[PDB]
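Protein chains in written order, with the UniProt record's numbering: chain A, 2 to 57; chain B, 347 to 395; chain C, 17 to 173, 195 to 463; chain D, 100 to 135.
Each residue gets a CB set at the ideal place from its N, CA and C atoms; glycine is no exception.
Heads up: the structure comes next, in structure tokens.
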């Protein structure tokens with residue numbers, strides 16, 4: 002039946018597009034989390050380095 | 347439309363029928379349109395009349 | 017979706033490895049590590065896989081690929097274990113498959129791969145190459161993949198091109214290797230694909246890699262020499278595909294976020310001079326989006342680009358531009374704040390700068406210097422009737438009346454406009 | 100761009116109305132000057 006194959010075509014468009022959008026949002030958020038790790042490690046690198054120079 | 351912007355969008359149109367009343371049309375041409383206009387001066391009849 | 021079709025082909029086959037349960041030809045000892053662990057959905061199976069100490073996980077399945085040499089079966093035996101190596105919810109995660117004994121089981125066993133690119137050879141090879149970011153391992157040798165053909169052959173042909202680009206952009210998250218790759222000719226590769234007009238999703242992936250590269254300040258400094266940003270703006274204007282514009286706005290925000298040294302950021306101006314993004318951003322602000330990321334990036338760009346527009350507002354830099362003899366179209370020529378707040382600045386010592394512009398009008402007759410000077414004189418003399426009488430005393434009124442007969446009609450028209458700025462009460 | 104051209108035409112119209120006003124004023128001056 003053409004109608005049923007067309008329903009399947011609508012489904013395969015909808016689920017695929019929504020999966021792609023969700024994965025895109027996920028990777029963007031993960032990239033932001035990676036930069037969050039980076040800014041953080043920089044802050045505490047400074048916090049440690051201060052005392053390091055003091056004591057040495 | 348798909349050709350104008352290649353996107354492979356099927357533009358699926360399913361078909362159904364419910365309580366909806368559909369419009370009314372009957373083809374006219376240059377030799378008969380004015381007479382249909384005279385008929386339509388008094389309104390239009392029900393669907394499939 | 018060619019790779020999806022290959023996956024559908026190979027997923028519909030359950031390998032007959034149980035007849036080879038102890039066969040030395042195929043998996044004499046790995047087949048109990050497939051009988052066990054057949055349920056990758058079971059946590060106890062992953063825990064047992066950890067209990068085995070990585071004895072055969074990424075230790076014997078590697079070189080099990082070399083136990084197998086027939087092609088019509090290499091694909092299926094590859095997939096039977098690569099579904100595990102790829103799906104990978106928590107099964108391997110942070111390089112649980114250590115194999116500390118041998119470095120032929122750690123990572124530099126990929127060299128035999130990258131050959132005969134057609135039966136998913138370079139493809140699984142690229143997947144294995146993308147085993148750095150979210151795993152507990154580090155790329156030992158950057159050069160052994162940075163120049164190889166795995167990324168060169170894919171320049172032109195193509196779902197696999199998307200797969201390779203996905204693997205690369207996955208790989209491009211740790212600035213340690215990315216600085217070395219940008220110092221290498223990876224930027225040339227991205228440029229070659231960019232100037233190779235292709236699908237819109239591919240362009241999203243290039244702009245994505247460029248934004249992720251824009252995470253690093255040293256890298257944006259090195260890439261400043263390139264005209265990435267005018268081309269990004271041109272893609273935004275000439276291509277509307279939602280996510281493409283989203284990542285483009287992300288890139289703009291990154292570039293105006295970092296700003297290590299304002300002096301080397303002449304792009305604060307060249308972003309709008311090469312393409313005035315403000316009108317399009319206004320058309321987008323006009324539209325309403327439920328994603329606060331896009332709206333936030335739009336608002337940030339309106340703000341920063343406005344600050345740059347305000348930076349362009351000045352009179353010393355503008356007058357040095359007047360004196361240079363090549364009247365670039367610095368946007369202050371039309372600024373209302375320029376013709377109201379600082380119009381009297383143009384009357385320098387005995388109308389010095391007006392006299393300089395009169396001299397450059399007399400000497401040079403290039404269309405655009407003439408246009409700039411005549412328009413600026415008109416906008417000044419609008420507010421100063423005594424300035425009008427002074428300009429009449431200069432004799433430059435007749436010089437413009439003679440510029441009315443220049444070969445180009447635009448020059449005649451701008452002289453016309455100057456004259457009808459002088460006509461008032463005249 | 101087209102409505103910018105239209106602004107060009109509008110400015111033209113104001114310019115020529117002002118110029119005709121100025122024309123008639125200047126002609127009045129010239130009529131005054133015709134006498135000893």
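Report back the beta-carbon spacing between residue i and residue j to the nearest angstrom; my notes put them in contact at under 8 angstroms.
i: residue 315 of chain C; j: residue 342 of chain C; result: 6 angstroms
i: residue 139 of chain C; j: residue 197 of chain C; result: 6 angstroms
i: residue 211 of chain C; j: residue 149 of chain C; result: 7 angstroms
i: residue 362 of chain C; j: residue 395 of chain C; result: That belief does not hold up - the Cβ atoms of residue 362 of chain C and residue 395 of chain C are roughly 14 angstroms apart, past 8 angstroms.
i: residue 284 of chain C; j: residue 326 of chain C; result: So it is not a contact: roughly 15 angstroms between Cβ atoms.
i: residue 368 of chain C; j: residue 312 of chain C; result: That belief does not hold up - the Cβ atoms of residue 368 of chain C and residue 312 of chain C are roughly 13 angstroms apart, past 8 angstroms.
i: residue 171 of chain C; j: residue 143 of chain C; result: 20 angstroms between Cβ atoms; not a contact.
Let me make sure I understand the geometry here. Which of the options has the alpha-carbon closest to that of residue i?
i: residue 253 of chain C; options: C:104, C:225, C:288 and C:88; result: C:288
i: residue 176 of chain C; options: C:215, C:312 and C:199; result: Since chain C is numbered 173 and then 195, with no step between, residue 176 of chain C has no place in the structure shown.
i: residue 353 of chain C; options: C:384, C:336, C:331 and C:327; result: C:384
i: residue 365 of chain C; options: C:101, C:258 and C:349; result: C:349
i: residue 158 of chain C; options: C:127, C:217, C:83 and C:134; result: C:217
i: residue 470 of chain C; options: C:346, C:339 and C:195; result: Nothing can be reported for residue 470 of chain C, as the shown portion of chain C is limited to 17 through 463.
i: residue 392 of chain B; options: B:377, B:371 and B:381; result: B:371
i: residue 31 of chain C; options: C:97, C:19, C:397 and C:20; result: C:97
i: residue 347 of chain C; options: C:330, C:363 and C:372; result: C:372
i: residue 272 of chain C; options: C:262, C:450, C:237 and C:83; result: C:237
i: residue 247 of chain C; options: C:227, C:390, C:86 and C:461; result: C:227
i: residue 22 of chain C; options: C:53, C:99, C:62 and C:42; result: C:99
i: residue 379 of chain C; options: C:101, C:64 and C:355; result: C:355
i: residue 29 of chain A; options: C:259, C:438, C:376 and C:249; result: C:249
i: residue 36 of chain C; options: C:446, C:442, C:57 and C:84; result: C:84
i: residue 304 of chain C; options: C:345, C:328, C:317 and C:320; result: C:345
i: residue 222 of chain C; options: C:163, C:199 and C:173; result: C:163
i: residue 388 of chain C; options: C:426, C:407 and C:399; result: C:426
Here's the rule I'm using: 16 or more other beta-carbon atoms within 10 Å means buried, otherwise exposed. How should residue i be labelled?
i: residue 440 of chain C; result: buried
i: residue 201 of chain C; result: buried
i: residue 8 of chain A; result: exposed
i: residue 195 of chain C; result: exposed
i: residue 78 of chain C; result: buried
i: residue 190 of chain C; result: There are no coordinates for residue 190 of chain C in this structure, because the numbering of chain C runs from 173 directly to 195.
i: residue 323 of chain C; result: exposed
i: residue 424 of chain C; result: buried
i: residue 224 of chain C; result: buried
i: residue 458 of chain C; result: buried
i: residue 302 of chain C; result: buried
i: residue 106 of chain C; result: exposed
i: residue 245 of chain C; result: buried
i: residue 72 of chain C; result: buried
i: residue 251 of chain C; result: buried
i: residue 65 of chain C; result: buried
i: residue 282 of chain C; result: buried
i: residue 395 of chain B; result: exposed
i: residue 20 of chain C; result: exposed
i: residue 175 of chain C; result: Absent from the coordinates is residue 175 of chain C, which sits in the stretch where chain C moves from 173 straight to 195.
i: residue 292 of chain C; result: buried
Which residues in the same chain as residue i place their Cβ atom closer than 7 angstroms to its Cβ, once the five residues preceding and following it in sequence are excluded?
i: residue 74 of chain C; result: 113, 115 and 121
i: residue 370 of chain C; result: 409, 412 and 413
i: residue 374 of chain C; result: 350
i: residue 81 of chain C; result: 94
i: residue 17 of chain C; result: 196
i: residue 33 of chain C; result: 42, 43, 47 and 50
Leaving out five residues on either side along the sequence, give the residues of the same chain with a beta carbon under 6 angstroms from the beta carbon of residue i.
i: residue 231 of chain C; result: 243
i: residue 146 of chain C; result: 204, 207 and 208
Excluding the 5 residues flanking residue i on each side, which residues of the same chain have their C-beta closer than 8 angstroms to its C-beta?
i: residue 382 of chain B; result: 372 and 374
i: residue 135 of chain C; result: 87, 90 and 91
i: residue 68 of chain C; result: 49
i: residue 269 of chain C; result: 244, 247, 285, 288 and 289
i: residue 448 of chain C; result: 402, 404, 407, 408 and 440
Quick one, which residues of the segment 9 to 40 of chain A are near chain B if we go by CB-CB under 8 angstroms, in chain order? 10, 11 and 14
Please list the residues of the segment 312 to 326 of chain C that have a C-beta atom closer than 7 angstroms to any C-beta atom in chain D, keeping them in chain order. none
Members of the segment 265 to 289 of chain C that neighbour chain A once the beta carbon cut-off is set at 7 angstroms: 280
Quick one, which residues of the segment 241 to 265 of chain C are near chain A if we go by CB-CB under 7 angstroms, in chain order? 249 and 252
With 8 angstroms as the C-beta to C-beta threshold (strictly closer), list the residues of the segment 109 to 135 of chain D near chain C in chain order. 114, 117, 118 and 121
For the segment 360 to 371 of chain B, which residues have a CB atom closer than 9 angstroms to at least one CB atom of chain A, in sequence order? 360 and 361
For the segment 347 to 365 of chain C, which residues have a beta carbon sitting closer than 9 angstroms to at least one beta carbon of chain A? none
Which residues of the segment 379 to 394 of chain B have a Cβ closer than 8 angstroms to any Cβ of chain A? Give them in chain order. none
Can you give me, in chain order, the residues of the segment 196 to 228 of chain C that have a beta carbon less than 7 angstroms from any beta carbon in chain A? 210
Please list the residues of the segment 423 to 441 of chain C that have a C-beta atom closer than 7 angstroms to any C-beta atom in chain D, keeping them in chain order. none
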